[PDB]
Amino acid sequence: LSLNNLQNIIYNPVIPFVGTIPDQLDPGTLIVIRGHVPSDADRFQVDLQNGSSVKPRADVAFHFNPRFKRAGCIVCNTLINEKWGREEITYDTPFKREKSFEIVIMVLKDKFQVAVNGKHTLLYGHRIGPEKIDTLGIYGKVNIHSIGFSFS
């Protein structure tokens, strides 16, 4: 965790991206993801993970998954011991092919609060303790300009 917090920003990561989060996600922590949905994207996802194991797959405390089929949606879920739980689906989605976005994930004591382009998008209640999250995963069809962290 750099003293100059601007030095913790990750620029132009290759997708698929996996990175260690530089400190624990305590209440008040922000994760800021700037990017662009490329032409013909089907879906992309941001995963807050407990480790980087590929097989068996690392637990995912928070799966945030924009999908571009038909009217579009966002699917949120949690992965434990390689099995998905019950999906929470948001149909009021701000994501579109060939549009830029800024995602802000705010870690609260009880939930994640997600805003896109400065507007509230969704809430996701913690299912796994957020103190187990150490890894950020970005997968699918997206271009990421930058990843930043604001720790309390």
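In case it trips you up, residue 1 is the first one in the sequence shown, and so on.
Participant: Select between 62-70 and 121-129 the stretch whose C-alpha atoms have the higher average B-factor in the entry.
Facilitator: Averaged over C-alpha atoms, the B-factors run higher in 62-70.
Participant: Averaging only over Cα atoms, indicate whether 111-119 or 25-33 has the higher B-factor in the PDB entry.
Facilitator: Between 111-119 and 25-33, it is 25-33.
Participant: Taking the Cα B-factors listed in the entry, which of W84, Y91, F101, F44 comes out highest?
Facilitator: Spelled out: the listed residue with the top C-alpha B-factor is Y91.
Participant: Compare the C-alpha B factor of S39 with those of the other modelled residues in its chain, then answer lowest, middle or highest third.
Facilitator: According to the entry, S39 has a C-alpha B-factor in the chain's highest third.
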